[PDB]
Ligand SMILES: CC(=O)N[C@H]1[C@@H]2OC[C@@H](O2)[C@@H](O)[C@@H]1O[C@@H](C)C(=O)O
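In the block that follows, a single chain appears as structure tokens, in the form deposited without the ligand.
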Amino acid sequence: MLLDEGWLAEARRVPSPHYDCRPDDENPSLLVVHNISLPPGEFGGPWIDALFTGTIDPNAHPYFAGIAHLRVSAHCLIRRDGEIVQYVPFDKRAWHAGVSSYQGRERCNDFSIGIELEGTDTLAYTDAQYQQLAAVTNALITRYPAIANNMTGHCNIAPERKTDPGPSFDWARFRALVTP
């Protein structure tokens, strides 16, 4: 669909302080699929927005105390109902992959776009999430054709550190909706 100076035109915008420059002004070429839920296993909170913008209340839940120290973000969140929230312009570097490697290249934040699916490793994602992830990805392919050839899970670039998006992420279903 429509892109506007790094922003998905139809996304809900929640501009986060948590981004910086892609080194060398490099165009991203890798999509990294993640999952997230705050508190763990629970859906619907304002907590993901707060985490990715650096404003989470550490006392709001026991789990938040441990992650309040994190400086993280992602380009987009796709919620259970398909709502697309964007935090970081696609041309900028969001902080979503951490220590990672892809085809021999480290620091994957540099050249990837990170999209978060609200959910868990073992629960099915919703039809709305597959459709929306596809719409976002198709829009991305249009600007950054290399992404067609480079779609991966966080678990694939950070094995034995990360498990997201887990076995529950149906790559076949996702692929069927991409590049049409």
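Quick note: we count residues from 1 along the sequence shown, nothing fancier.
Q: For the higher mean C-alpha B factor in the entry, choose 67-75 or 89-97.
A: Mean CA B-factor is higher for 67-75.
Q: Tell me which stretch has the larger mean Cα B-factor in this entry, 54-62 or 107-115.
A: Per the PDB record, 54-62.
Q: Name the one of 30, 141, 48, 33 with the greatest CA B-factor according to the PDB entry.
A: That would be 141, according to the entry.
Q: Could you say whether, by C-alpha temperature factor, residue 147 belongs to the lowest, middle or highest third of its chain?
A: Middle third by C-alpha B-factor.
Q: What third of its chain's C-alpha B-factors does residue 10 belong to: lowest, middle or highest?
A: Top third by C-alpha B-factor.
Q: Sorting the chain's modelled residues by C-alpha B-factor, tell me whether residue 25 ends up in the lowest, middle or highest third.
A: As the PDB entry reports it, the C-alpha B-factor of residue 25 lands in the highest third of its chain.
Q: Please place residue 124 in the lowest, middle or highest third of its chain by C-alpha B factor as given in the entry.
A: Middle third by C-alpha B-factor.
One more form of this protein should be noted, the form deposited with the ligand bound, which is absent from this view; the next part is about it.
Q: Choose from 145-153, 23-31, 132-140, 36-44 the stretch whose residues reach within 4.5 Å of the ligand in the deposited complex, heavy atoms counted.
A: Heavy-atom contact with the partner occurs in 36-44.
Q: Whether residue 70 contacts the ligand in the deposited complex should be assessed with a 4.5 Å heavy atom distance threshold; does it?
A: Yes, contact at 4.5 Å.
Q: So in the deposited complex, does residue 51 come within 4.5 Å of the ligand, heavy atom to heavy atom?
A: Flag for residue 51 set to yes.
Q: Relative to the ligand in the deposited complex, which residues of 102-119 have a heavy atom no more than 4.5 Å away?
A: The one in contact is 116.
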